[PDB]
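Participant: experimental coordinates for this protein are included below, preceded by the sequence.
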Amino acid sequence: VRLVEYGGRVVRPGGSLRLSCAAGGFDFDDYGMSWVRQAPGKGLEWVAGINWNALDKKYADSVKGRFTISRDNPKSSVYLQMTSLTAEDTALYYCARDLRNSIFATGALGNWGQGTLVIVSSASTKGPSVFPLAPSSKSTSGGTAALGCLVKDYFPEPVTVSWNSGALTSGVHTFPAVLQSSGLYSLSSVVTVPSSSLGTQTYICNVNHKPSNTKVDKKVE
Amino acid sequence: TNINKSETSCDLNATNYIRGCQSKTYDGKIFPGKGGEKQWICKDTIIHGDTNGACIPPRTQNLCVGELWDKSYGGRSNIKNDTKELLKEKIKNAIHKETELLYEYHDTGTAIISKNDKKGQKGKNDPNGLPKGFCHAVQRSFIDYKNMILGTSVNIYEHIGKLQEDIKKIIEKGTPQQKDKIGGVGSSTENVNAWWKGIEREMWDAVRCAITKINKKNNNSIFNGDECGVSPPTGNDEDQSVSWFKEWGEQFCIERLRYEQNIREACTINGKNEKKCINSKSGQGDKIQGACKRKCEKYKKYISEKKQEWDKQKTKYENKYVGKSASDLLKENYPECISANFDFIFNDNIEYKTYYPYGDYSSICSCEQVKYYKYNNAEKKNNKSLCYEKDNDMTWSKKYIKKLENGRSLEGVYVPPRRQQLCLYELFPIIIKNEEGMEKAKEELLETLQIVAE
Amino acid sequence: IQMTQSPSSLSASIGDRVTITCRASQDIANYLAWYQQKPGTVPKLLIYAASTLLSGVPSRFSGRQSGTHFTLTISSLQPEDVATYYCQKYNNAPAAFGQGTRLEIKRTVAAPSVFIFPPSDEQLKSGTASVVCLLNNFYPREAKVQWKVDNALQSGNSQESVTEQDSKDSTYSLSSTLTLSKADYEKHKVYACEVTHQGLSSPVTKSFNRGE
């Protein structure tokens, strides 16, 4: 009825990390537990599973030997020790319970936790760089142009981007983050506006990189 | 939880001309070369009263009193012109001459805790940047300095009673309150040490300042102020008779692993299946011709002296904390003790001494081909290490019940007296031996299992 | 053990019947559960034992099984049922999830409003290239973007990003970001993005010159 995970962190490749999962009104003593990871914008993937008495621990084929699962019933916690992390294990990790008390590790995951990001890279938490995207008389297509700014190289933990302090809402197509070759995230936050309005009012895009505490508020022509 | 505090103050990189010392040399001298080792002086030392308490750590023997007690005046009643806050920065800098001696003593191997098995001191490193031993400086060194401030019956090496009577006179001279004293001797150690423990709410602010300038002034490890956590350590262990016992245990186990590695290098390396040596032959059985001898007889001497120290450290610890065992205190506080059996290595039994000349390493030092001999034909039954007579009156006990990997506990099963004195001593030296060269382990295990059962 | 789930991008409209298949390679006889995940939330278990609807789940869902073919059926698709469905099996060893079927609202065909946003002078000062072609409000999701550097094919130097199906109009937006060095940036004159969309009669070119 209440599962929370701890340990989400940015780790060097090949490092180690220990995730933990608590439990609430849930009687965390005769229910099996599981760990399921979801890479960003991908499908869920079972990772680990542990029995009620921890006599039966099963692992996904990919994460085997590199992953260890354990319980501690008096503390009412379940832990996942992770070692030799690769760049591909970057995922949102959920801890889940069977919805049925039983004697097996694997079962239908009824209650899930909020999950923790386990971003794995060799980056350095470098702040964002804002670049504007000027429109043109060519972009005045159908009485409608577009204005945008792209945030570049803003690892980690993608950023909130608004327009005119959140004044503009219609047409704001802030694209999802993307991990380019350098190991740094990037995105764009274009917005479509009437081409007649071009040059009439002012447009500023506001980026908030919380991990670096960076606040950039760029006016775009 | 609490928080940290200001400041970036104490820019006293060169504090003052401290007359005490620039180096805490209790495990010999700094490289190059060694020598000058301080030792765990045993019980019944007059300079420490009757020494009813535990033995004296060498580091506490050369404890960097700095300029609270000092010299150049014979034995100077040093706090009559010198101060106490130089010790605030010589906790900082006495553990900067000792975190540069962390970095050299502990982090190059001129301390006991300094050297691990073979890789050294940087492959092993706690999250707070420091080679192992500064977590045991806030715990060992800092608590021992606070102990020097408080003091048990074992008065440390300069008649700390003179300094404490001075605290009554020369520190209760309007510190902390005015000359109108508060409380008395009870509430002396907690008025001049409750505005020194109430400012060891601030000396712990000052020791978190110490660690944060171990981060920002001499930067072997850089982070916020957190020495071993921003809080002072738990009570009932800061007792010198306990903290020193823990220090002794950790030191003993580290150097026991050291001697274990050396006898590996003389009986695993340089040695053979029966751990014999060059032309070991009978002779007096298959005894060592010397290559192991001077590599393991040193271990025997070391166990002799450390037993002479531990036998009556343990007795005091038990009688002071009735219901807890010394092995219990030590083993989980230091993960390097997990292979140590203080009962076995310190048996008070002449038959044990004879049959296990080299302690728990007897089976990996002197091997005469352990072999169970059947009912007849020159039975070698008593000629091995022996067993007590079974005690009739023991009580069913629930100690030492295993803890399930469920994290649970059995919580209700009781070990029979017949089982908690089940005799399996023979099995332990064989287990220690057969860490190496498997598929012979089972061969020796069956034999020793037979002799144990018989 | 694999769990082949298909189709992967099933489209439908409100009021339709939606069927999802989760073929299992081995025998799991009925140890299969269905999970629904909306964007940005935790999954929610809808059905377990391959048929037993979990309490609180709307009754419009159903699950049935034929041998090793498991099908989840939404009788009357509702706008709050647009999500991904996962069909995780939990019989014994790897308890692996399915590939994941993503439902989307089916609407009339549209056309992307193509844009050829060029790099900025201070981005040149930074030293890379940030050529961006924008596809806006298009539908269906399938659309191809190509880059012509002086009418020369480009590959391995652009990146793709797509918004999820926008709620108010069920349209998609796509962004193609082309990155080049300064050297090969001024080594060429004209940059063009070619949009190949099912709703376009012909591929549409949007180009510019660096001097423009």
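Facilitator: That came in fine, so what should we check first? Residues are numbered from 1 along each chain as shown, chains lettered A, B, ... in the order given.
Participant: which non-adjacent residue is nearest whichever residue of chain C sits closest to chain B?
Facilitator: Per C-beta to the nearest C-beta, residue C:93 is where chain C lies closest to chain B, at 20.7 Å. (C-beta placed from N, C-alpha, C; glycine too.) Nearest non-adjacent residue to residue C:93, counting by C-beta to C-beta, 6 or more residues apart in numbering or on different chains: residue A:58, 6.1 Å away.
Participant: distance of residue B:145 relative to chain A?
Facilitator: Residue B:145 sits 34 Å away from chain A, going by C-beta to the nearest C-beta, to the nearest Å.
Participant: can you tell me the SS state at that residue?
Facilitator: Secondary structure, DSSP: H, G, I helix; E, B strand; the rest coil: residue B:145 is helix.
Participant: contacting residues for it?
Facilitator: Going by C-beta atoms under 8 Å, 6 or more residues apart in numbering or on different chains, residue B:145 touches B:63, B:87, B:91.
Participant: doesn't the residue nearest to residue C:93 lie inside a strand?
Facilitator: Yes - under three-state DSSP, residue A:58 sits within a strand.
Participant: ok, it - contacts?
Facilitator: When contacts are counted by C-beta under 8 Å, 6+ apart, residue A:58 touches A:48-50, A:105-106, C:93-95.
Participant: among those residues, name the buried ones.
Facilitator: Using 16 or more other C-beta atoms under 10 Å in any protein chain shown as the burial test, the contacts of residue A:58 include A:48-50, A:105-106, C:94-95 as buried.
Participant: tell me which two of the residues you listed sit farthest apart.
Facilitator: Greatest spacing in the buried ones among the contacts of residue A:58, by C-beta to C-beta: A:50 and C:94 (14.3 Å).
Participant: ok, residue B:94 to residue B:149 distance?
Facilitator: Using C-beta to C-beta, to the nearest Å, residue B:94 is found at 14 Å from residue B:149.
Participant: which one of these two has more residues nearby?
Facilitator: For residue B:94 versus residue B:149, neighbours defined as other C-beta atoms under 10 Å in any protein chain shown are more numerous around residue B:94 (28 against 21).
Participant: I'd say that one and residue B:67 touch.
Facilitator: No - counting by C-beta atoms under 8 Å, residue B:94 sits too far from residue B:67 to count as a contact (10.1 Å).
Participant: which residues do the two both contact?
Facilitator: Residues touching both residue B:94 and residue B:67 (C-beta under 8 Å, 6+ apart): B:18, B:20, B:87.
Participant: find the nearest non-adjacent residue to the residue of the stretch 301-450 of chain B found nearest chain C, please.
Facilitator: Relative to chain C, the nearest point of the stretch 301-450 of chain B is residue B:405 (20.7 Å; C-beta to the nearest C-beta). Spatial nearest neighbour of residue B:405, chain neighbours left out: residue A:54 (5.0 Å); criterion: C-beta to C-beta, 6+ apart.
Participant: and that neighbour, backbone torsions?
Facilitator: Main-chain dihedrals, residue A:54, degrees, to the nearest 10: phi 60, psi 20.
Participant: got a list of what it touches?
Facilitator: Applying C-beta under 8 Å, 6+ apart, we find residue A:54 in contact with A:70-71, B:404-407.
Participant: can you get me a residue count around residue B:2?
Facilitator: Residue B:2 has 11 neighbours, counted by other C-beta under 10 Å.
Participant: surely it meets residue B:229?
Facilitator: No - here residue B:2 does not reach residue B:229: they are 9.9 Å apart, not a contact under C-beta under 8 Å.
Participant: contact partners for residue B:243?
Facilitator: By C-beta under 8 Å, 6+ apart, the contact set of residue B:243 is B:139-140, B:143-144, B:147, B:237.
Participant: wait, which of the contacts of residue B:145 is closest to residue C:127?
Facilitator: Once C-beta to C-beta is applied, the member of the contacts of residue B:145 that ends up nearest residue C:127 is residue B:91, at 51.0 Å.
Participant: for whichever strand or helix holds the closest one, name the packing helices and strands.
Facilitator: Of the helices and strands defined by DSSP states H and E, residue B:91 is found in helix B:86-92. Using 3 or more C-beta pairs under 8 Å, 6 or more residues apart in numbering or on different chains; DSSP states H and E, the elements in contact with helix B:86-92 are helix B:203-216.
Participant: contact partners of stretch C:24-37?
Facilitator: With C-beta under 8 Å, 6+ apart as the test, stretch C:24-37 has contacts from A:44, A:108-109, C:1-4, C:22, C:43-51, C:61, C:63, C:65, C:68, C:70, C:72, C:81, C:83-91, C:97.
Participant: would you map the helices across the stretch 251-400 of chain B?
Facilitator: Shown for the stretch 251-400 of chain B, the helices assigned by DSSP state H, counting those that start in this stretch span residues B:293-320, B:326-331, B:342-345, B:350-355.
Participant: just the CA trace of the shortest one, in PDB.
Facilitator: This means helix B:342-345. What follows is helix B:342-345, C-alpha atoms only, in PDB (Å, rounded to 0.1, in the frame of the first residue of the first chain):
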ATOM      1  CA  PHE B 342      39.400 -15.300  20.700                       C
ATOM      2  CA  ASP B 343      38.300 -18.400  22.600                       C
ATOM      3  CA  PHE B 344      40.400 -20.700  20.500                       C
ATOM      4  CA  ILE B 345      43.500 -18.600  20.000                       C
END
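Participant: which of the residues in it are buried?
Facilitator: Applying 16+ other C-beta under 10 Å to helix B:342-345 flags B:342, B:345 as buried.
Participant: also the last one?
Facilitator: Within helix B:350-355, the residues that qualify as buried are B:352, B:355, counting by 16+ other C-beta under 10 Å.
Participant: ok, now stretch B:332-342?
Facilitator: Judged by neighbour count using 16+ other C-beta under 10 Å, the buried positions of stretch B:332-342 are B:334, B:336-337, B:340-342.
Participant: could those residues go into CSV alongside distance to residue C:203?
Facilitator: Below are the buried residues of stretch B:332-342 laid out as CSV (distance: C-beta to C-beta, whole Å):
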residue, distance to residue C:203
B:334, 72
B:336, 71
B:337, 74
B:340, 77
B:341, 80
B:342, 83
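Participant: neighbours of residue 61, how many?
Facilitator: Chain wasn't specified; assuming chain A. Residue A:61 has 9 neighbours, counted by other C-beta under 10 Å.
Participant: wrong chain, I was asking about chain C
Facilitator: Residue C:61 sits with 19 neighbouring residues when counted by other C-beta under 10 Å.
Participant: residues contacting it?
Facilitator: Residue C:61 is in contact with C:34, C:46-47, C:53, C:72-75, counting by C-beta under 8 Å, 6+ apart.
Participant: make it 7 Å
Facilitator: Taking C-beta atoms under 7 Å, 6 or more residues apart in numbering or on different chains, we find residue C:61 in contact with C:46-47, C:53, C:72, C:74.
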